[PDB]
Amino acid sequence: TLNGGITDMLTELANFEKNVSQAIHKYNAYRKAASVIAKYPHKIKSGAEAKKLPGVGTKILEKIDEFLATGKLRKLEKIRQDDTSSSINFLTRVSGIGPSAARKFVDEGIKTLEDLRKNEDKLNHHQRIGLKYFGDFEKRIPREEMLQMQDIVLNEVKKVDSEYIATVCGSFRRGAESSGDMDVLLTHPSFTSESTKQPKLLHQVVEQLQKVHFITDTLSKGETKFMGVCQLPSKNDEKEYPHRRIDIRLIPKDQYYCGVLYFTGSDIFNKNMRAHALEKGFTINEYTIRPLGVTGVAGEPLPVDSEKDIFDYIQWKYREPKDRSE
């Protein structure tokens, strides 16, 4: 794209601040700046031009000037050369290893892929599966594969109970030609904001997907959120498909629109929209939009009958899913 060099630089800085510095707000600031520059429809000529965008300030403007003049950023060149930062950044690429566990592993001399495989007994379950599928989980999913996966999930869910509705969200719902994983929103009329009239609603679906060998591993699992591993079936003599991350979120059926707004994302779009809600005097989660009293405490849920109702409350024009890929 037009400003790929700048946005990659800001993303690398974002990852440093999260993984090494453990500075969650600097991480989000860099990602917000990279996102707003990514959708800017001109090739940026100067830091000053970029600083006009919301989320770009004086410091990123200076870095943009350095990068435009030299093609690189000295601050990043040094980070790339630091072994502890290098080790930490690698270890956090394993699902289940975060900034804290990464730094503890390096303290103990566990810093490479051979180190990890040599010490499986020092990994919790999630980390163990992330290491197992380390290569697969960095591969992207062609939309064609997402379509075959959607068909399995939708048909298997239908076999459990035809009253389930499963909706693939994430980047797939935003129309992306490839996705990092599969996100499935799930509803069933027995689970509403007012009652749960049937247990094991999420479990039953997971069990059925395991029994047809679509779901292969479990990272975490509770009553409303499954986080796991899935894999398409391959034909005779075919090489196997890579294993894929899958997330399944069971949402109260009457709160579907807030739930599908949340799970469609992107993450940055949700942050921006929820931040706008707060400025407008509302708070949004995956269940409800509520007003804020002068108090500061959230009031009662407002009526929502479409995704667009949520946008209307905060005085945003509606944005189709394909336009939320911030």
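Numbering starts at 1 and follows the sequence shown.
Checked against the record, the higher mean CA B factor of 62 to 70 and 268 to 276 lies with 62 to 70.
Stretches compared: 192 to 200, 148 to 156. Higher mean C-alpha B-factor in the entry: 192 to 200. The PDB entry assigns its highest CA temperature factor, among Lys239, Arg143, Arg245, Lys221, to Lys239. Reading the B-factor column for the CA atoms of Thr187, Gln210, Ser100, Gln81 in the entry, the top value corresponds to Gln81.
Annotation for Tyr164: C-alpha temperature factor in the middle third relative to the rest of the modelled chain, per the entry. When all modelled residues of the chain are sorted by CA temperature factor, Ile289 is found within the lowest third. Sort the chain's modelled residues by C-alpha temperature factor and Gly96 lands in the middle third, per the entry.
Remark: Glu108 belongs to the highest third of its chain, ranked by C-alpha B-factor as recorded. In the PDB entry, a CA B factor belonging to the highest third of its chain's modelled residues is recorded for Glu77.
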